[PDB]
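**Student:** Quick one: this structure, given as C-alpha cells, is what I'll be asking you about.
Rule-based calculations on the coordinates, nothing more; no lab input. All Cβ positions, even for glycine, are placed from backbone atoms using ideal geometry, and neighbour counts span all protein chains on display.
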Amino acid sequence: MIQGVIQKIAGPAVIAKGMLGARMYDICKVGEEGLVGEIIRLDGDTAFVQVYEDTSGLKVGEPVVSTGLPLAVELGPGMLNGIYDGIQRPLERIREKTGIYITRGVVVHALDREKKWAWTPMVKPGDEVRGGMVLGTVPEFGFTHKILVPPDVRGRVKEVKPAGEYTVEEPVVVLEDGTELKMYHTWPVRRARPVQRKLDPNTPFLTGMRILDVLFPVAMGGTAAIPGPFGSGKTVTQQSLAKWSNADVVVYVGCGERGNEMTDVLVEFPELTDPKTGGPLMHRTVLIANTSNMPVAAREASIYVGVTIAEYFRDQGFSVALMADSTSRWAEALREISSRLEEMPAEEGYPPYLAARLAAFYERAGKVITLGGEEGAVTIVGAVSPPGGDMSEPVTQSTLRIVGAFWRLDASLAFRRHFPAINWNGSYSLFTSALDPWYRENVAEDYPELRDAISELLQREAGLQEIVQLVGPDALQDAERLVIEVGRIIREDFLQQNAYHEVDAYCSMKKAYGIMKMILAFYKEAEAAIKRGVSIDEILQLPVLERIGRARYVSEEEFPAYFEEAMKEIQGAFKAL
Amino acid sequence: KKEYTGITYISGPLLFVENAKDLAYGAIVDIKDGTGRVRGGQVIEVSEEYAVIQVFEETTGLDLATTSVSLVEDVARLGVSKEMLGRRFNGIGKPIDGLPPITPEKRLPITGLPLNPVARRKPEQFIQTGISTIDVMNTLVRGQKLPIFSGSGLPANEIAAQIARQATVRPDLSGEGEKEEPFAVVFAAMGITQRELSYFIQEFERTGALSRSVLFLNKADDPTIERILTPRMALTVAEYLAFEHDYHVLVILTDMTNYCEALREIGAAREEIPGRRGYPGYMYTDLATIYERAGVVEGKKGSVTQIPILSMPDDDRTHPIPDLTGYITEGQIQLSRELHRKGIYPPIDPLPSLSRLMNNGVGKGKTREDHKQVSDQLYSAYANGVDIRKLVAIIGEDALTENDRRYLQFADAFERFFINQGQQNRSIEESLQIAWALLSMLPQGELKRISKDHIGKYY
Ligand SMILES: Nc1ncnc2c1ncn2[C@@H]1O[C@H](COP(=O)(O)OP(=O)(O)O)[C@@H](O)[C@H]1O
C-alpha cells in the first residue's frame, strides 16, 4: 500500500522515512507491535508519525505501513452499557485478554461480532432510496434502534432478508447498484455528517438543579460552559446530569479525569432507575473514558469520537446530551505534540489552533431536522478547567464569545461548604427569552414574572453588600436589614442542593416553583410589616421562619400540602404580631 | 492554470509550494486535491525557491504527490452592483440567499486605500436612531464612528439589530425635500453561532428591511482566514454607495473581539513575534484602517457611519482590544449590569457614556434648538441623585430636605420608564418631550444650566 520504516523515534512522535503519497491525518501501524499512528506532517518523503499510545522499546528500522483511512469509529446497534477506549475499544474484552493492564498491541472490534439480532425491515426490495433514509429497526432495550442509509448513498434496493436473528457484519440489504448495506457503517470524525437542516431551539433542557433551572438555564440546542478551579465541584455537577438529565442519552465522556470518578459510575449506576423508563439507568450511557494516566495522544482522540457519537444517536432520532468532562486538558495535550514538532506558539504557549479546533467543536447542533424527519438535538455543556484561576487565561476565554450560556463557578464560595454554588454575579445565560413559550404553558402562566422579581432582589442585593463592608451592618436600618436577611435565606435555602443527600437532590419545576413563591410572599408581607410599625428583629426569630427553612427537604408527595400549610400560616402570622 | 505542482512541506495550515515566479504577494489561489474538491489559500511569503500558500480550511487529505495549484487572480477582490441590496452573502462574497450571483459594474481593489485629509468635510449633520437615549444625551452625529462597549453577557446583539432597522434620517427638521436622500444599513457580524445566525434573519425579515440593507456574515466555525478579510468587504462596499451615487450609510460591524481572536492566529502562524499581551504588534495600524471609512467629503453628500460593537473579556476598559479603539474611535456608550439585572432593556447607562464629538450635532437652526441644554441637564441632574439612593441606606429618609428628596424620585422615573423602551421606537422629537416632563418633577427655577426661555415654553 504505502510502506517504510522508522527513521527517528524519540518522544511520543516519530519520523519515518521512505514514504510518499500520504494523506493528512492517516491511521497507521508502527513498530513490530503495531500501535495506531497518525500522519501529521510531511517533508519531502519523510513523515512525522504521531503515535497514539506509549513508546519505549523501539529500534530504528521497524515497520511503518499505512492503510490510508483517516480515523473513524464504526457505529451501529449495541454500544450501551459499556466503556470505550480512545479509539472505541471495549475494555471488557481487553481485560479478559490481559489481566489488569492496559497493554499496547491490542486489537479487537468496536462492536462485538458475536451477538445476532432480531431484524425487521421497512422497505420492500425494488424500491428507491436516497441518503440517510431509514431501513430496518432492530430492537434494543427500551429503545428502538433504527438503521439508516449511511449518508451519501443513494440507489435502489434489491432484496431484504426477513425477520430473524442476524449478525452484525451481515449484508442484510442488497441493492441493484452492486452495493451492500450491512448493519453498521463507518464514518470519519473530522468531517461532520450533515443533517437535513439547521433549526432554532426552544425546548428547555430540564435538569432539576434549581440553580440550573430558575436562574441560568439552557436551550435544548444549548451550549454553555462550566469552569472553576481545582476543587470546585467541576465534576460533580456533571454527575447529576448523568443521573437526572431529561433525555434519551447521556453520553458522558471525560478525558483526563481519574479512574476513581469513572469507575464509581459503573458500580453505582447499575442499581438505579431512569426518569423515562424504569430500567437500569445505564442504558442511556456511553463513557468513552480515557483517564489522564493513559497515553498522550489519546487525549486528543477521545473527544472527537464522542462528538461523533453525539451525532450518531441524534441521527436515529433521539435527544443527545453529550458533555465533555474537562476539555481543557485537551488543549494541553494538543500542545504537547507541538513542542516536539517545533511550532512557535501564541500566548501561554498554546499552539495557535486554540480557536481552530475549538470553534468547530462547539458549533455542532441542536434541534435540527434530520434526513429521517426527526427532531434531533445536540446538547453540550462543556466542562473546562483553567490552570490558574485567572479567567484571563486564553484557553478559557476563548470559550466565551464562541458559545452562549455562561455559568461561572466561584471559588471562594465553595470553600465554605455549599454546592454547586455559583456566582450569579459572574454568570449569565443568554438563552432565557426564547424559553418563554414552553415555560408559560407547561409550568405556570405567571412564572417568568415571579422569577424576575427573585432576581430583583438577588442581583440588587450586592447594592447593599458593599455598604455592609464599608460601615458594617451597623447603621443600615430596617428596609435595609430586611433585604439582607431575606436574601440571606434566599441562598441559604434556595441555592444549595447536594449530590449526596438521599432525597432532595432533584426536583421538578412545579415543586421548586412552589418554594419560590413563598419567599416572595415573605418579602411582601415583611415589607408591610415594618412599614406598619413592628420590626424584623423578632420576625427573624419567629418560629415560622424556620419552617420556610427546612422546607426543601420534604418530598413531592407531601409537597403540595406542605406548601398549602404555609399558605395559611403566613397571613395569620403577620397580622397577629 | 494547469500547473505548478509538486508541493513539498505542508504542516498544518502552512504550505510551501514549488517554483512559481508568476505569483505576487497578496495573490490567492486554488489548491486542488485527489478527489476534485478545491480549496483556497492566500499568497504570502515568496522567494526564488518557493512561495507560501495557506490552506483556508482543513487540509484533510493532501499529498506530497502532485495535486496542483491554480493562480486565481492578481490582487483579488470583488466587484459591486446596485443589485446588491437585499441578499444574503457569506464572507468572501458569494450568494447565501440561494438566488443567482451578482453581475458587476466594477471591480474594486479590496485594500481600501486611505483618504486624504483635505478632502474630508467637517461633520455638522444629524442622524436619528430610533433609540432614545443615544440621541438625546449623547447624539450620534452624522458621518461619525462610535462604538458600544458591551460586557460579557449583557445583550449586545439586540441593541444591535434594533438600531439596525430603526434608523431613518429626518432631513425634514432642517428643511429640504424628503426623498433627496435614501438610507442604507450595511451589516456584518462574525463569530456567530447557528443560534445567532438565526436571531438576525428572523428579526431582519420580520417587518423586513432586508430590502434596504446588505448582509455579510461569516459563521463562527467558518475558516479563520476569510474572517480577516470579512469586514473589509462590507467596508469597501460601503464606499461604492456614497461616493458614486450619494447615499447615507450606516455600517455596523460586530464583535471585534473576534476580530482579534481570529487575527492573532493568523499572525501566530505566518510568523512574527507578538507584542504586548499578545495581539500582534501591528495591531494599531491594522485596526486603524478599518475605521477610515467615515466622514463626509466635500462636495460629495453621502457618508458612512461606523458603530462597531464589541465585548471585552476582562470586563474593563484596560485590556488592549477595546482600549486601543478608544484612541481612534471617539466615545463610549457602555452597558452595565446594573440596569440589566433589574430588568430594563436596552441598558445603556448614562454617565460612563459620552460621545466626544457631538457639539456639531443638534442645533438652533439645525434640528431643534433647546437640545444642547437638555443634554447637560439630565446628565448632571442624574448623577446627583444616584448618590442619595445609596446614602439613604445609612440615614433613613427622615433627613432629606425637600428639594433633594424629590431628586430621589427623579431617578425612579428615569430609570423605570425613561431608559426602558422595549420595542417602542421613538423619534427625536417625541423623546425630548418625555425628558422635559420628568424634569418637572423636581423644583423649578433651579435647573440653571438650561435657560429660562425654554422652560417658559415647556413644562
Ligand atoms: N452537590 C454536592 N453535595 C455535596 N458535596 C458536594 C456537592 N458538590 C460538590 N461537593 C463536595 O465538594 C467536592 C467538590 O467536587 P470535586 O469532585 O472535587 O470536583 P472537581 O475536582 O472536578 O472540581 C465534592 O467532591 C464533594 O465533596
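**Student:** Can you give me the pair-distance distribution of segment A:514-577, C-alpha pairs, 10 Å bins, whole percents?
**Tutor:** 19, 56, 21, 4
**Student:** Nearest 500 deg cm²/dmol is fine: what mean residue ellipticity at 222 nm does chain A get from its DSSP H runs of n ≥ 4 alone, each adding -39,500 (n - 2.57), divided by its residue count?
**Tutor:** It comes out at -8000 deg cm²/dmol, rounded to the nearest 500.
**Student:** Let me know the Kirkwood hydrodynamic radius for segment A:17-81, please, with Cα pairs as the basis and the value in Å to one decimal. Present the calculation step by step, with values, prior to reporting the outcome.
**Tutor:** Details: mean 1/r = 0.0767 Å⁻¹.
Mean inverse Cα-Cα distance, inverted, gives 13.0 Å.
**Student:** In the structure shown, do any of A:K59/A:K116; B:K21/B:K106; A:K243/B:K219 have a Cα-Cα gap over 32 Å, and if so which?
**Tutor:** Those over the limit are A:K59/A:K116; A:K243/B:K219.
**Student:** Please report, to one decimal in angstroms, the Kirkwood hydrodynamic radius of segment A:115-181 built from all distinct Cα-Cα pairs.
**Tutor:** Taking every pair of different Cα atoms in segment A:115-181, averaging 1/r and inverting gives 12.2 Å.
**Student:** Follow-up. Taking the Cα centre of chain A as origin, sum charge times position over the Cβ atoms of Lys and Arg (+1) and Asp and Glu (-1), and report the length of that vector in debye to the nearest 20.
**Tutor:** It comes to approximately 980 debye.
**Student:** Which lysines have a Cα less than 26 Å from the Cα of A:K575, not counting those fewer than 8 places away in the same chain?
**Tutor:** A:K517, A:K524, A:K531
**Student:** For segment A:47-181, calculate the relative contact order in percent as a whole number, restricting contacts to Cα pairs under 8 Å that are 6 or more residues apart. The partial results should precede the final answer.
**Tutor:** Numbers: 182 pairs, mean separation 25.5, N = 135.
Once normalised by length, the contact order is 19 percent.
**Student:** May I ask for the angle, rounded to the nearest 10°, between helix B:428-439 and the longest principal axis of chain B, with both axes built from Cα atoms and the value confined to 0 to 90°?
**Tutor:** 40
**Student:** Modelled label-to-label distance, A:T144 and A:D537, 7 Å Cα→beta-carbon offset: nm?
**Tutor:** Between A:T144 and A:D537, the label points sit 6.9 nm apart.
**Student:** In debye, nearest 20, what is the charge dipole magnitude of segment A:1-71 about its Cα centre with +1 on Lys and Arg Cβ and -1 on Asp and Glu Cβ, if you could check?
**Tutor:** The dipole magnitude comes to about 180 debye.
**Student:** Still on this model: As I understand it, the value is the acute angle between the Cα axis of helix A:559-575 and the longest principal axis of the Cα atoms of chain A; what does it come to in degrees, rounded to 10?
**Tutor:** 30
**Student:** Tell me which trypsin sites (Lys or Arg not before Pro) from segment A:276-305 have a DSSP coil assignment and no more than 16 other beta carbons within 10 Å of their own.
**Tutor:** Here the sparse-neighbourhood loop sites are A:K276.
**Student:** Can you give the FRET efficiency for B:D453 and B:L113, using 1/(1 + (r/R0)^6), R0 = 56 Å, r = Cβ-Cβ distance, to the nearest 0.05?
**Tutor:** Details: r = 49 Å, r/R0 = 0.87.
E between B:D453 and B:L113, to the nearest 0.05, is 0.70.
**Student:** Can I ask one more? I'd like the FRET efficiency for A:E180 and A:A475, computed as 1/(1 + (r/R0)^6) with the beta carbon distance as r and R0 of 60 Å, rounded to 0.05.
**Tutor:** 0.10
**Student:** Something else about it: Over 10 Å intervals from 0, what percent of Cα-Cα pairs in the protein assembly as shown sits in each interval?
**Tutor:** Each 10 Å bin holds this share of Cα pairs: 2, 9, 17, 21, 20, 15, 10, 5, 2, 0.
**Student:** Using Cα pairs closer than 8 Å and at least 6 residues apart in sequence, work out the relative contact order for segment A:430-577, in percent.
**Tutor:** Computed over segment A:430-577, the figure is 23 percent.
**Student:** Return the distance in nm (one decimal) between the two label points of a simple spin-label model at B:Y284 and A:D390, each offset 7 Å from Cα along Cα→Cβ.
**Tutor:** 2.4
**Student:** Counting other Cβ atoms within 10 Å, keep those with at most 14, restrict to DSSP loop, and tell me which GluC sites (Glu not before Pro) in segment A:162-252 are left.
**Tutor:** Here the GluC sites (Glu not before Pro) that fit, given the DSSP loop and packing criteria, are A:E169, A:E176.
**Student:** Which percent of the Cα-Cα distances in segment A:349-441 go past 18 Å?
**Tutor:** 61
**Student:** Then there is this: Under a cut-off of 16 Å between alpha-carbon atoms, report the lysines in cross-link reach of B:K300, not counting same-chain residues fewer than 8 places apart.
**Tutor:** B:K122
**Student:** Would you list which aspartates and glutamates come within 19 Å of B:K82, measuring only between C-alpha atoms, while excluding same-chain residues fewer than 8 positions from it?
**Tutor:** Partners within reach: B:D97, B:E105, B:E180, B:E181, B:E239, B:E244, B:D246.
**Student:** Here is a follow-up. Determine by what factor the alpha-carbon radius of gyration of chain B differs from 2.2 N^0.38 Å, reporting the quotient. Intermediate values should be presented prior to the final figure.
**Tutor:** On the way: Rg = 25.7 Å, N = 459, 2.2 N^0.38 = 22.6 Å.
Working it through for chain B, the quotient is 1.14.
**Student:** To continue, here is another question. Of all the Cα-Cα pairs you can form in segment A:430-577, what percent are over 29 Å apart?
**Tutor:** Cα-Cα pairs of segment A:430-577 separated by over 29 Å account for 22 percent.
**Student:** Express in % the proportion of alpha carbon pairs of segment A:9-159 at distances exceeding 23 Å.
**Tutor:** Numbers: 6209 of 11325 pairs.
Here the long-distance tail beyond 23 Å is 55 percent of all Cα pairs in segment A:9-159.
**Student:** Determine the gain in length on full extension of the stretch A:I484-A:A505; use 0.36 nm per residue of separation and subtract their C-alpha separation, reporting nm with one decimal.
**Tutor:** Between A:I484 and A:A505, full extension yields 4.9 nm more.
**Student:** Turning to a different aspect of this structure: What's the percent breakdown of Cα-Cα distances in segment A:1-47 across 10 Å bins, shortest bin first?
**Tutor:** The distribution over segment A:1-47 is 26, 67, 7, given as percents.
**Student:** What do you get for trypsin sites (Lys or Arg not before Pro) in segment A:383-426 restricted to DSSP loop and a cutoff of at most 12 other Cβ within 10 Å of the site's Cβ?
**Tutor:** Values: sites: A:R401, A:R408, A:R416, A:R417; in loops: A:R401, A:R408, A:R417.
Those satisfying the criteria are A:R417.
**Student:** In the protein assembly as shown, what % of DSSP beta bridges are antiparallel (nearest 5)?
**Tutor:** In the protein assembly as shown, approximately 65 percent of DSSP beta bridges are antiparallel ones.
**Student:** Take every Cα pair under 8 Å in chain B that's 6+ residues apart, average their separations, divide by the length, and report that relative contact order as a whole percent.
**Tutor:** Relative contact order for chain B comes out at 16 percent.
**Student:** Compactness ratio of segment B:1-145: Cα Rg over 2.2 N^0.38 Å, N = residue count? Present the calculation step by step, with values, prior to reporting the outcome.
**Tutor:** Details: Rg = 21.8 Å, N = 145, 2.2 N^0.38 = 14.6 Å.
In units of the globular-protein estimate, segment B:1-145 measures up at 1.49.
**Student:** Loop by DSSP (not H, G, I, E, B), at most 12 other beta-carbon atoms within 10 Å: where is the longest site-free stretch of chain B for trypsin sites (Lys or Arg not before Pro)?
**Tutor:** The answer is B:83-275.
**Student:** In whole Å, what is the distance between the alpha-carbon centres of segment B:319-366 and segment B:60-90?
**Tutor:** 39
**Student:** Taking only the alpha-carbon atoms of segment A:238-314, what semi-axes of the equivalent ellipsoid follow from 5 times the gyration tensor eigenvalues under a square root, in whole Å, largest first? Working shown, then result.
**Tutor:** Details: eigenvalues 106, 49, 13 Å².
In descending order, the three semi-axes are 23, 16, 8 Å.
**Student:** How long are the semi-axes of the equivalent ellipsoid of segment A:201-267, taking √(5λ) for every eigenvalue λ of the Cα gyration tensor, in whole Å from largest down?
**Tutor:** Over the Cα atoms of segment A:201-267, the ellipsoid semi-axes are 22, 15, 11 Å.
**Student:** Follow-up. Please give the average number of partner chain Cβ atoms lying within 10 Å of the Cβ of each residue in B:189-195, rounded to a whole number. Don't jump to the answer; show the numbers that get you there.
**Tutor:** Values: counts 0, 0, 5, 1, 10, 12, 15.
Shielding by partners across B:189-195 averages 6.
**Student:** May I pose another question? Using only alpha carbons, build the gyration tensor for segment B:69-163 and give me the equivalent ellipsoid semi-axes, biggest first, whole Å.
**Tutor:** Working: eigenvalues 216, 92, 45 Å².
Semi-axes, largest first: 33, 21, 15 Å.
**Student:** Please tell me which of these pairs span more than 26 angstrom C-alpha to C-alpha: B:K179/B:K366; A:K146/A:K234; A:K146/A:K510; B:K179/B:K457?
**Tutor:** Over 26 Å apart, Cα to Cα: A:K146/A:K234; A:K146/A:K510; B:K179/B:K457.
**Student:** For the pairs A:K158/A:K367; B:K301/B:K372; A:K511/B:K342, note any where the Cα-Cα span goes beyond 30 Å.
**Tutor:** Details: A:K158/A:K367 34 Å; B:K301/B:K372 25 Å; A:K511/B:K342 25 Å.
Over 30 Å apart, Cα to Cα: A:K158/A:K367.
**Student:** Further, regarding this structure: Could you work out Rg/(2.2 N^0.38 Å) for segment A:411-509, with Rg from alpha carbons only?
**Tutor:** 1.28
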